[PDB]
Amino acid sequence: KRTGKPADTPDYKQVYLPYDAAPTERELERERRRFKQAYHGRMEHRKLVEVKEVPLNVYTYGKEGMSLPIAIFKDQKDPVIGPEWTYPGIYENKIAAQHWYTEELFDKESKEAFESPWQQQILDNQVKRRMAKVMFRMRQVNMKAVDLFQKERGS
RNA sequence: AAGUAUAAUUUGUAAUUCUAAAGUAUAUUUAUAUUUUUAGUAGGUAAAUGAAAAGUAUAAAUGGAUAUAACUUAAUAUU
Ligand SMILES: [Mg+2]
């Protein structure tokens, strides 16, 4: 929908340099060439997908000294991305913020091995999302019979 | 993620339908009784090629040689 979408797109401003050692442009290519391909899905169906809009500079993309164009107020200065360790639980998220297929989390819990302590909570919230899916129709089937997938799909 | 989604309704929302529990009672059987596993009496036996001691006469007054075609005939009675 065309509602709640930016009708303009300002640019990035790079405030301070995250490094003092300037890269050779071959380093700027060899890191970028590493980025253009990424993995999608984590299970038996897992497919490499090529990534659109891979930045010119990998070293300076998100990790410090860049001011985001997410500013809102008048006196709001574009927020400068700080150092990594000052952002809480980021290293802990990198472990656990990833697509977790249910089967796969489950097997980890059974083997009593979790990459992060949090993947308990990652599992518990998946189950609750699934069962909700079950609990919704059971409030909908009550009021009127709703038959799953008998209608013609598309045109 | 701090249970927001496979519906109905609406131009699009919103509001309102709805928001998961379910057991015992009635959902124990009949048997006896009836149409065909038997004897007793008759009565050769296990199923289809008739019987005449009276003309086959010495026999002459009470001898049954009464032994029997359902479609073509002949005559007669009917409806
Ligand atoms: Mg109500």
# chains A, B, ... in the order shown; residues from 1 in each chain; ligands from 1

call {"tool": "select_by_dssp", "arguments": {"residues": "range 26-73 of chain A", "states": "alpha helix (DSSP H)", "output": "number ranges by chain"}}
result
A: 26-35

call {"tool": "closest_atom_pairs", "arguments": {"of": "chain B", "to": "ligand 1", "cutoff": "12 Å", "atoms": "only C-alpha atoms (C1' of nucleotides) and all ligand atoms", "output": "Markdown table"}}
result
| residue | atom | partner | partner_atom_place_in_ligand_line | distance |
| --- | --- | --- | --- | --- |
| B:16 | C1' | ligand 1 | 1 (Mg) | 8.3 |
| B:17 | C1' | ligand 1 | 1 (Mg) | 7.5 |
| B:18 | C1' | ligand 1 | 1 (Mg) | 7.1 |
| B:19 | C1' | ligand 1 | 1 (Mg) | 9.3 |

call {"tool": "interface_residues", "arguments": {"of": "chain B", "to": "chain A", "cutoff": "9 Å", "atoms": "only C-alpha atoms (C1' of nucleotides)", "output": "ChimeraX atom specification"}}
result
/B:1,3,5-8,17-20

call {"tool": "select_by_dssp", "arguments": {"residues": "chain A", "states": "strand (DSSP E or B)", "output": "compact mmCIF listing (two decimals) with N, CA and C atoms, in the first residue's frame"}}
result
# COMPACT_ATOMS: atom_id res chain seq x y z
N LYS A 13 25.05 10.03 5.39
CA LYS A 13 26.16 10.90 5.70
C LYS A 13 27.12 10.10 6.58
N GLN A 14 28.39 10.07 6.19
CA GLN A 14 29.38 9.32 6.95
C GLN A 14 30.15 10.30 7.82
N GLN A 37 26.43 -13.04 -3.00
CA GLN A 37 25.75 -14.32 -2.82
C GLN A 37 25.41 -14.60 -1.34
N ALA A 38 24.15 -14.94 -1.04
CA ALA A 38 23.77 -15.29 0.34
C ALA A 38 22.86 -16.53 0.43
N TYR A 39 22.74 -17.13 1.61
CA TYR A 39 21.92 -18.34 1.76
C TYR A 39 20.50 -18.03 2.24
N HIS A 40 19.51 -18.67 1.62
CA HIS A 40 18.12 -18.54 2.06
C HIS A 40 17.52 -19.86 2.53
N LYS A 47 18.73 -22.44 -0.41
CA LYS A 47 19.11 -22.06 -1.75
C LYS A 47 19.91 -20.78 -1.72
N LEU A 48 20.99 -20.75 -2.51
CA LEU A 48 21.77 -19.54 -2.64
C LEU A 48 21.03 -18.55 -3.53
N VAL A 49 20.92 -17.32 -3.05
CA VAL A 49 20.25 -16.26 -3.75
C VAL A 49 21.21 -15.09 -3.88
N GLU A 50 21.25 -14.48 -5.06
CA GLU A 50 22.11 -13.34 -5.28
C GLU A 50 21.47 -12.08 -4.70
N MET A 66 28.46 6.16 10.57
CA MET A 66 27.44 6.51 9.58
C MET A 66 26.19 7.03 10.27
N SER A 67 25.64 8.12 9.74
CA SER A 67 24.41 8.69 10.28
C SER A 67 23.20 8.27 9.45
N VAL A 80 24.16 8.77 14.68
CA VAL A 80 25.42 8.18 14.28
C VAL A 80 25.57 6.79 14.87

call {"tool": "residues_around", "arguments": {"residues": "residue 32 in chain A", "least_positions_apart": "4", "cutoff": "12 Å", "atoms": "only C-alpha atoms (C1' of nucleotides)", "output": "number ranges by chain"}}
result
A: 25-28, 36-38, 51-61
